[PDB]
Every structure is written in structure tokens, then in C-alpha cells.
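Student: PDB entry and its sequence, pasted below:
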Amino acid sequence: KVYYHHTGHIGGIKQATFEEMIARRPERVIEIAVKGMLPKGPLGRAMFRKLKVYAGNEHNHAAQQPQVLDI
Amino acid sequence: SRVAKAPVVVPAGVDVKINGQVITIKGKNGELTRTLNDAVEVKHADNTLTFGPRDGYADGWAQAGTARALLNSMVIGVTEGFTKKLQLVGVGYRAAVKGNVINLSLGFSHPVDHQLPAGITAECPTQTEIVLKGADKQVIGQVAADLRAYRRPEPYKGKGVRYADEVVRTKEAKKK
Amino acid sequence: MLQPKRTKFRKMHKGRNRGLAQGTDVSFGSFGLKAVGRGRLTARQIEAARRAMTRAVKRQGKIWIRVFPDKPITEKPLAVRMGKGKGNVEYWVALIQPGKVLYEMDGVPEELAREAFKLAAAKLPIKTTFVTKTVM
Amino acid sequence: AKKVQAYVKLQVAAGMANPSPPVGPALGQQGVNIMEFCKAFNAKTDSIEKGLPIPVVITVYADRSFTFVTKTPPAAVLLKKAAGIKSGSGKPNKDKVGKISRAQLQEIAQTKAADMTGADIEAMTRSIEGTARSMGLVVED
Amino acid sequence: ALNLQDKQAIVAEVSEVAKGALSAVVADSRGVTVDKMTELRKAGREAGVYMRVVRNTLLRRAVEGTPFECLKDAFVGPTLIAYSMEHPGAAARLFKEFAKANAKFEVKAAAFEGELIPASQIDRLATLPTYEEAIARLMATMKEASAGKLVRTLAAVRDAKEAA
Amino acid sequence: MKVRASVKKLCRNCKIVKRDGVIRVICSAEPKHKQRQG
Amino acid sequence: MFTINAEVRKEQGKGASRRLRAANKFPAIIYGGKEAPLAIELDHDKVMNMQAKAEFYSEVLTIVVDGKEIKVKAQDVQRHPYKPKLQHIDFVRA
RNA sequence: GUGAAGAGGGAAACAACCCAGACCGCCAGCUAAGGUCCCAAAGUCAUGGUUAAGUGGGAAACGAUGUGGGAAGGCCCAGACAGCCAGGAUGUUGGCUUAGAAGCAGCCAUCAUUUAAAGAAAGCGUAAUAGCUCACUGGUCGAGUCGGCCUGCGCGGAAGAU
RNA sequence: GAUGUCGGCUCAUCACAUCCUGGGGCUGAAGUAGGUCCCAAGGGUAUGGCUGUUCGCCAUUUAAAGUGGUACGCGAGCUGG
């Protein structure tokens, strides 16, 4: 699981480690995990934009009073 | 299979402290002697280690001998201390220890700069003799392996650092 | 290698098998190799299989061979279309079918006969299994 | 591996241990000095005639220090001598190049007596029967 | 179960002669080294002493099937046993021929007509006098071990503890 | 040494060991027998 | 040597015999003597690992069905097209 | 048979496949094949078996010291399973061969000796002895193990223009 | 009721089953040298002649003169040689 892309240049598939996606921008590992589970284009873009992860143990929604959930 | 059935029966005055799956072996005259059993589950009883299956793995008897081996290794680690006399065959290479630094040559223009972990010490009788001292059976071979990385006992004329099991079998020169 | 001496006619239909064999048990030997399932053999394997067994067994006992390529099979040349009479003659075929024993032995010691029969199976285009006769 | 071997074989004429080729290469590979071995080898051969093959069995220690037993000649040498054969057939039993009586084997057995391990003068003889058989010699009762 | 009788048969066999033996000698080695041994095996059959090198599985099982005197405490660890049922002086002499080429401390014990014979006493048995002195030494051995020996041991433990 | 497929035993001290999903022949008599695939 | 048990065939025809082989059972028959051929069902893997020794055919058999015993030897065997599993075996009274 | 001359459901869109034969309208229910964590409607199912490959959910020849269950059966505390150490011997260094010929360069021998014990050697190596493990014996060692067969699961073999 | 080519200029791009450095294993490899060689798309990979030439022959450079595909790349780019 190396998050495959081919933006437009140089022979090869191009890639990105499993290690970047948690070590740098740590939100992205969850974002592109729930993404493929949502319908077509537009309604999944409105579903998707309701999630935020931030960097981690530094969330900013103190004032909304979040209800804790254990999974 | 005889050593996958082995009950260990740990010696007296070794304190064997179990968090279930991590076992940390403590006692007199040594430091850092441990196992995390991960393919197999180990119950200690009073001193009689018992080997069986762990959740989420499939191999059976395969890792159960391994977990037995590793706990006993550690128990040997803290009691007596495992063997220590290391040596090298071959001219102009050496394995001379000097403090924290093992001074050797490979014909290289930079220092090879092989150094001892902060968890061991050593000293030297001669420039081709190393005696390493400590109580973890893993670590003494663990610095020895970086010393052997580029200095392995070769299968023809045999030169390298010589410790434990060694691969040299003798080989012949091109035929006359 | 085993083949028919002469034949009634020069050209015959390719055929197929209905899904059973009748020499499924060993009856010439006291052990043998069974085909598992089905397919075609190009007579090249009969030769290679006897050769494979004789280099391993040599002058200890006899071999009995049970496949013979009684049927002609044509290939249609690349320059000639279909619907134009049958092609030039290409290979002679023995048809193996489910349970057909291929090779049988007795004279050779059984464990040496087992090694010899593993070897013939590498020359064959499909997986096979060794069969023993017993008392009955 | 420690590099200790018990009971290393060597077979060389009593007068031929001054050169290295009758010794062959194998002592040399295990660190036995051919000159030192030649002073050790002449010390038990002085009463044997030169060119007559001397049995020598060597034990070697880890540091290639060595100890040596030199023996009176083989039963095989004497069994060839006593039947009047120069050399054997190279086939035991099936090829015959002579025959030898039991009373001759018994005289061999006694010449071999300190080397022999046997509990019986009968036992000692029983050992050299199969040596006679190897050289194409019939042991007749 | 065994498939063969050989491993069970030799246990009964060794207890049978070794309970009988007028002298036997009990020793330790785990690799005796053959040169010395082959020649003492020779010399034992010259004296009419019989010699076995024999397993602890076998020895423990020997104790189990047949009752033993004075030999069952020296069975612990790797053990050779040389033993004679006739000419008892030879069993102990064979060890004094072996001692010339070996450790004379390698003896644990001996037994004599069912009496336990200690590592020190057996050296005296191995002397082998001619016959008037021999029969008189064999009796000296037995008389000593029955009742003198008891008093000997009870002194040998006391000295070690004794402090000044 | 060649990579190959299908493993057979070149000497009595080829241990033959499955690291991940690939069988390596690892030997401790001679290093010559070190076949990468079985 | 070998001591077995057997049941008498409740239904015969293709459908019953397939329902044996679906469940790792197979059929058999015992002929000879002055008396009728006796049709029985057997278990496949009870007898497959007995018949690994030759005495199942060479030496006489204990076979119990309804407390009746007649003494028997095994005869020739029928095997599946692509499995060595026993499709049907014949037996003779001995 | 189906499409041709038929909707819908399932398959990712898939003329002919699996289910079914659409009068029309039904913001009513069940059921088929197929599904049941989310795309997507329902089982992260209850009870028991097994496995490391994203196998599952991509296929063969072929192959081994990959791993479990089962019954029948040998071994089985009278010591297994079979590794490590130590001994590895007497004739003997068999015979021939050869510099010399030593189990192992080749071919013939396939035996004998005190023995509780050691194949005139199972495997390596050596231009070839040499050096080495090995059973057996006797230390360690104190309980399960494997061949035949039925049975779950693995493996590398399985690299191409976006 | 239209997928239209060779040869020659221009311009490329993707698969690595790599011409090569780079880390490492074997060798009947001592080291050199040769044989065996896994990892690996990252990057470089020559020019004049003759002929309408793919391919041929010849002269020559450089450590070197690659493998596969593209309506057998490319006239809604170039030219009928």
C-alpha cells in the first residue's frame, strides 16, 4: 500500500510511502480511507467535507462540546 | 520437538517478572534480558514456563520451541554470562578495541569507525583479540554482526572475524 | 515405443472421452501411475517416459506400457482457411481419460519403481498420482 | 571445529620418509612438519629392512602437535609374502592368485600379537582371514 | 513398548551377574577414549573379568526389576561397570592396570559379597597377593566393611565440621 | 549461484527456510548452495 | 486380523449411493457359500486406514452386522475416477 | 434455451448466462438468482475447524526440513522424537590402483576383532588425501513423533506500453 | 457512407523482461581477469557514405553504441524519393 499516482511525467508508476501519510499531514491516511466508500462525484464531495482530523491531539473543536466515542 | 516440550524450570534467585506476553528476566549480575512472545502465548506458573497458542497467529510447535529457547537464553544471560572470547584471522585487518572504539583497517581512506554500544564494554590482549563483556546473549553477537558485515570468514582462504558458527569449508585454487 | 502395426483406413476423427476409464486398477503390474483426469498425449511423452524410467531402473525387472497413439491428428496450415478438407498430418495421439493407467511395473522393487514414476511424471503435461494394486 | 582427529592413516616405506612424495601431501595440510615426522619415523624402523612398508597411525591435537604409533608390518604384507604372491588380484573370492593354510595364519597372528586386540589366538586369526580373502587367497582349514 | 527384546533383556542380564559378583568396580567417563579401553577389554578377558559401559536408563530400570546391594548409589551419571563372579581380586586389579594410564580417582565405589566397599578400601583389594595372603585379605575386606567401616564414616563427617 | 525454482537438497546441512512467502536455501556447510527461490 | 462392523442397505439405486459418497461412506457386497449375496453400507475412512496393511485381504475378518458373524475375506476394489477413495469393494465368505 | 421478437433483478456498464415472462397504476407485502461493514437494501451472524498469502477474491507443470486436524498403526519413561557433545575403534592403511592411496579420484570387497559401541561409510569438502557432522554407544534428555491414507490452509513458479 | 503504407526530416512518450554505474551473493573465484548475478524506471544511450531501403556493407568515435509497444508512433505535421 503505496498510494499510487501518475500526474503526467517520467516513465514508471510514481508512488508515496505508507510512512509519509501518517508522519506528515496525518489527516490524509483517514481521508483517503473513507473517500472510496462514498457515492459517485458530487454527494460524496459534500459527505467528505464534514470530516476533519487535524495533526493529532491538538483538535480545535473545544467550544462545540464533542461527544466522545469509543469504537 | 524435544525443546518445544522443554518446561524451562527457571533457577533460584532469578526474579522472572511477567506482564503476560512481555517477560522481563531480572536477577543479580546482569541487565536487559527479555522476550516478547508474539506467535505463541507463555504462562509462567511459579517458575515452569508453559507454551501454547496466541490469538491471531497460525503456526503451532514452530514458534513454541523458539519462545522456550529465548526465555532460557535470557535466564543464562543474567546467571553466569554467555561466552566472550572473540578473535580474528587475517593480516592487516585487526579487531583492536580501544575504549568505546574498535580500530580496524579495510585499506579505506576514512576510518571504518566501528563502535561498541553504550550497553556493552570490551578490552584487548592483542590487536587481533577482542574480549567483550555483558549479560545479553543478543547484544554481544549484535555488535559482532556489524563487525562481520564486511569482514566475514571467507569460504576459500578463511580470513575474517571468528566467533560462534563459521561457514568456512575449505576450497581449492584453480587446478594445475 | 508402442503403436498399432497397420490401420484399416488412413484418416480417422479426432474424438473425445465420455469421462471414465476401464483400466483404472492395476492388472498387468503390481503397481502403476494413474492419469488423474483427461487430455491428449503427442507420443513424445511415451518415449520420454520409458527413457526416464529405464535410466533410473535399468536391468531390474520389466516395464509394461499402456498408451499407444492409434489416432492421426492434422494441423491446418497457416496459408489455408477452414472449411476446405482436413490439414497436413502433424502428430499421432493417445487419448488419456479419467483413471487411465499410463505405466505399470512389478519386477523392480516398489520404492525404486516409485522414484522412477515420479521422474516420468515431469515429462508429462499434467499432474499424476501413483497407484498400488494390493492383494485384490 | 576443534581440528582434533583420532587415527590418521599413513603408509610409507621405512627408507622413503626422507623425501616428501612417499609421505604425500595430507600430513603437510594438517601442520605435520615432514622433517620432524622423518626424525620421529626412523626411531622405530631401525630393525626393519629398507623399502618394506611401515604401518603408521597418527593422532593430531587442536594446535597441530602430534603423537605417533609405529607398528611392525601389516598382516596383509606377510600373507602376500607367505603365499608367494607379489600383489593381489584386485578381486576378493572370485579371482584366485593362491591359497594359504590355517597354520601359517596362526604364525602371522602371533607376530601381530601386541597390535591385535583379540581375546583368543583363534580370534586374532579370524581377523586376518578376511584380509587373505581381499588379496585373492583361499583360507583352507 | 519395544519392538525388540534387546533393550529389556540386557537389564535383567546385568543385574543377574552384578548382584552375584564377589567383586565389582564402579567408574565414570562419557567417552573413555578407545586406545586405552580396547586393550583393557582385552586384559579383562585375559583375567576372566567382564566389562560393560551401560546407560542410566538401563541402570535405573536394573534397580527397578531386581533388588541390588551397594551398587545402586554409584549408578548416578555415565557409568562403566567391570565385574567378576569368580576371582574377585582380578575385578579390582584391572582398575589398577587401568589407573597407570588413567585417573585413580575415577572410582565412586565397589561392592564385596554385598558389603559397600569405599573408594579407599578398593586399592587394597587391587593389590592381589598370592593365595594364603589373598584369602586372608578377602576376609579382612569383609570384616572391615561390615562393622569397622560404620565407625570410620561416623568419624570422617565429624572432622569436617569440627572447628577450632 | 542461480535463483531457480523448485528446491532440492545439495548437502545434509542445507537447512531450507521460508522467510516471508519465499523459500531460501540457506546452508551453513557451504555458502555455494544458497539458491534464492524454491 | 481387523475387526469391523457394517449396516444393511436401506435404499438402493443411484440417489441413496450418492448420499453415501456425499457423507464419506461407500457400499459393498459379500458373496459365496450356499447363501444369498449380502449388500451393506460401510464408512470410507474407518476402513481406508485399516486396508493399509495387507491382512484386511490376506487374513480372515471379523464382520458384525445384526449380531450375525459368517467369516469373510476382502476381494477386488473399485475406485473413484480422480480420487483413490473407495467407490465400492466386493468380498467373499471365508 | 435465451436474445433475435421481452421489462426487471443479479453480474461493475456486459444482446445470447442465472432467475423470471412485464395489460396499466400501486410511496402495499413475500420470494427468486444474488446480496447482507460502507459505495448498496440486509449477518463486522450463532456454534465449531484452519491459514498466513491481501492467498482469499488470478491459472498449471513442478518442487521441499512450510503448518494443523483425524482415525487405523509402528515407535512409545524397558527413554522416544532425533539434534548436540564425547568416543568414532582392532584386521585395516582390505585388494587393485598411485607420488603416497587413507570410507569418500576409480573399480572390486560388502567381511571380520575385544565391544554396551563405532557403516571397510549417509552427506560435505578436497586438484586428494587433509579438515568436518553423522548414526551406534555413552553424556544432554525426560515426551510426544513420523511413514502409509483421508482432510483444511500456505508457498515460489505469477514480468510489458496509462 | 474509409483505421491510409515504405523510405527519408521533425518531434516524442510509455513497459523493464536493464547497454551501463551504484549495494551484495556464488565460482571448479586467491587478487587481477573471466564465468555466475540479485536489487533497481532514476539517467545518459554517437555520425558520414552508397541505395527510394526497414535490413546490408564500409569507415570512425566513446566507458558505452539498449530490450519492448505505439492505426507494425507520428500526410486534421513534413515530401512523393
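Tutor: Received, thanks. Residues are numbered from 1 along each chain as shown, chains lettered A, B, ... in the order given.

Student: tell me the secondary structure for the residue most central in space within chain G?
Tutor: Nearest to the geometric centre of chain G sits residue G:28, at 4.1 Å (C-alpha atoms, centre = their mean). When classified by DSSP: H, G, I helix; E, B strand; the rest coil, residue G:28 comes out as strand.

Student: Now do the contacts for it.
Tutor: By C-beta atoms under 8 Å, 6 or more residues apart in numbering or on different chains, residue G:28 lies in contact with G:6, G:39-42, G:88-91. Yep, even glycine has a C-beta here, placed from its N, CA and C like the rest.

Student: Relative to RNA strand I, which of the residues you listed is nearest.
Tutor: residue G:88 (50.3 Å; C-beta to the nearest atom of the strand).

Student: I'd like the distance between the closest one and chain C.
Tutor: Using C-beta to the nearest C-beta, to the nearest Å, residue G:88 is found at 12 Å from chain C.

Student: did I read that right, that residue in a helix?
Tutor: No: under three-state DSSP, residue G:88 falls outside any helix and is assigned strand.

Student: Contacts only, for it.
Tutor: Here residue G:88 is in contact with G:26-28, G:77-78 (C-beta under 8 Å, 6+ apart).

Student: By neighbour count, which of the contacts of residue G:28 wins?
Tutor: Counting neighbours by other C-beta atoms under 10 Å in any protein chain shown, residue G:91 leads those with 23 neighbours.

Student: Helix, strand, or coil at it?
Tutor: strand.

Student: beta partners of the residue nearest to the centre of chain G?
Tutor: Residue G:28 has these beta-bridge partners by DSSP bridges: residue G:40, residue G:89.

Student: same question, residue C:104
Tutor: Legend: beta-bridge partners of residue C:104 under DSSP bridges are residue C:32, residue C:64.

Student: wait, isn't it in contact with residue C:31?
Tutor: Yes: counting by C-beta atoms under 8 Å, residue C:31 is a contact partner of residue C:104 at 7.3 Å.

Student: who's more crowded, these two?
Tutor: Neighbour totals were compared for residue C:104 and residue C:31, and residue C:104 leads with 23 against 20 (other C-beta under 10 Å).

Student: what residues are up against that one?
Tutor: Neighbouring residues of residue C:104 by C-beta under 8 Å, 6+ apart: C:26, C:28-29, C:31-32, C:63-66.

Student: Which single one of the residues you listed is nearest to RNA strand H?
Tutor: The closest of the contacts of residue C:104 to RNA strand H turns out to be residue C:31 (C-beta to the nearest atom of the strand; 10.6 Å).

Student: Could you check what's spatially nearest to that closest one, not counting adjacent residues?
Tutor: Nearest-residue entry for residue C:31: residue C:132, 4.7 Å, with adjacent residues in sequence omitted and distances by C-beta to C-beta, 6 or more residues apart in numbering or on different chains.

Student: Next, count neighbours for that neighbour.
Tutor: Other residues lying near residue C:132 total 13 when counted by other C-beta under 10 Å.

Student: just residue E:67 next, same as before
Tutor: Burial of residue E:67 is recorded as 9 neighbouring residues (other C-beta under 10 Å).

Student: Next, work out how far apart the closest residue to residue D:96 other than its chain neighbours and chain C are.
Tutor: Spatially, and ignoring its direct neighbours in sequence, residue D:96 is nearest to residue D:136 (5.6 Å; C-beta to C-beta, 6+ apart). As defined by C-beta to the nearest C-beta, residue D:136 lies at a distance of 28 Å from chain C.

Student: so what's residue D:136 up against?
Tutor: By C-beta under 8 Å, 6+ apart, the residues touching residue D:136 are D:85, D:88-92, D:95-98.

Student: At which residues are the helices of chain C located?
Tutor: Under the criterion DSSP state H, chain C contains helices at C:44-57, C:110-122.

Student: Might you name the residue of chain F sitting closest to chain G?
Tutor: Per C-beta to the nearest C-beta, residue F:6 is where chain F lies closest to chain G, at 24.3 Å.

Student: separation between residue D:65 and RNA strand H?
Tutor: 12 Å (C-beta to the nearest atom of the strand, to the nearest Å).

Student: How about residue G:25?
Tutor: Shown here: residue G:25 relative to RNA strand H, a distance of 11 Å by C-beta to the nearest atom of the strand.

Student: Around that residue, count how many other residues there are.
Tutor: Counted with other C-beta under 10 Å, residues neighbouring residue G:25 total 16.

Student: now residue G:34
Tutor: 5.

Student: Need the three-state assignment for it.
Tutor: Going by three-state DSSP: residue G:34 is coil.

Student: For the nearest residue to residue B:61 once chain neighbours are set aside, give me its contacts.
Tutor: Distance criterion C-beta to C-beta, 6+ apart; nearest residue to residue B:61, sequence neighbours excluded, is residue B:4 at 5.0 Å. For residue B:4, the contacting residues are B:51, B:61, B:64-65, B:68, by C-beta under 8 Å, 6+ apart.
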